[PDB]
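**Q** Quick one: the structure is below, and I'll ask about it shortly.
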Amino acid sequence: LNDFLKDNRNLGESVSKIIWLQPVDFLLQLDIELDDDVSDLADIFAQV
Amino acid sequence: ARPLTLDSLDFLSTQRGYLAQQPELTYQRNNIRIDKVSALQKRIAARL
């Protein structure tokens with residue numbers, strides 16, 4: 001990022017502050033009912 | 001529907017027996033005799 005910011009500086013402008021957003025855990029509660037004739041179960045988990 | 005907690009070989013026997021005895025099962029749809037598995041029991045087993 002520092003290398004990119006150095007070579008992509010416009011005339012009269014600069015990045016005076018770099019802020020990183022912090023993660024907050026988002027524990028989503030989900031209840032899903034499948035069809036009676038499901039074939040692959042690991043596939044649905046990946047899709048979900 | 002495909003079994004989820006049952007035996008694969010046992011499940012195939014139900015389906016093949018269901019198809020093989022179609023003439024008898026529906027002709028005797030409501031018949032019951034002593035010492036013979038009723039057609040109602042066979043239909044329930046095949047469906048599940």
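Identifiers in the structure tokens: chain A, B, ... in order shown; residue index from 1 per chain; ligand index from 1 in order shown.
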Can you check which residues of chain A have any atom within 8 Å of chain B? Use only C-alpha atoms and format it as an MDAnalysis selection string.
**A** chainID A and resid 36:39
**Q** Write out as a PDB file with N, CA and C atoms, in the first residue's frame each polymer residue whose atoms come within 12 Å of region 26-33 of chain A, counting only C-alpha atoms; drop sequence neighbours fewer than 5 positions from it.
**A**
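Dumped everything to around.pdb:
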ATOM      1  N   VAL A  38     -33.185 -34.796  -1.103  1.00  0.00           N
ATOM      2  CA  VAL A  38     -31.867 -34.196  -1.247  1.00  0.00           C
ATOM      3  C   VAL A  38     -30.836 -35.281  -1.533  1.00  0.00           C
ATOM      4  N   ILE A  44     -24.921 -28.217  -0.309  1.00  0.00           N
ATOM      5  CA  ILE A  44     -25.857 -27.200   0.161  1.00  0.00           C
ATOM      6  C   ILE A  44     -25.206 -26.324   1.224  1.00  0.00           C
ATOM      7  N   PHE A  45     -24.364 -26.916   2.073  1.00  0.00           N
ATOM      8  CA  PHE A  45     -23.662 -26.129   3.082  1.00  0.00           C
ATOM      9  C   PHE A  45     -22.742 -25.103   2.435  1.00  0.00           C
ATOM     10  N   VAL A  48     -24.987 -22.401   0.968  1.00  0.00           N
ATOM     11  CA  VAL A  48     -25.561 -21.549   2.006  1.00  0.00           C
ATOM     12  C   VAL A  48     -24.515 -20.574   2.533  1.00  0.00           C
TER      13      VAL A  48
END
**Q** Between CA of residue 22 (chain A) and CA of residue 6 (chain A), measure the distance and give it in Å to one decimal.
**A**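 One can read the CA of residue 22 (chain A) to CA of residue 6 (chain A) distance as 25.0 Å.
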**Q** Neighbouring residues of residue 1 (chain A) were defined as those with any atom within 12 Å, considering only C-alpha atoms; residues of the same chain fewer than 5 positions away were excluded. Please report them as a list in words.
**A** residues 6, 7, 8, 15 and 18 of chain A
**Q** Identify, with DSSP run on backbone atoms, the residues in chain B assigned to alpha helix (DSSP H), and express the list as a list in words.
**A** residues 8, 9, 10, 11, 12, 13, 14, 15, 16, 17, 18, 19, 20, 22, 23, 24, 25, 26, 27, 39, 40, 41, 42, 43, 44, 45, 46 and 47 of chain B
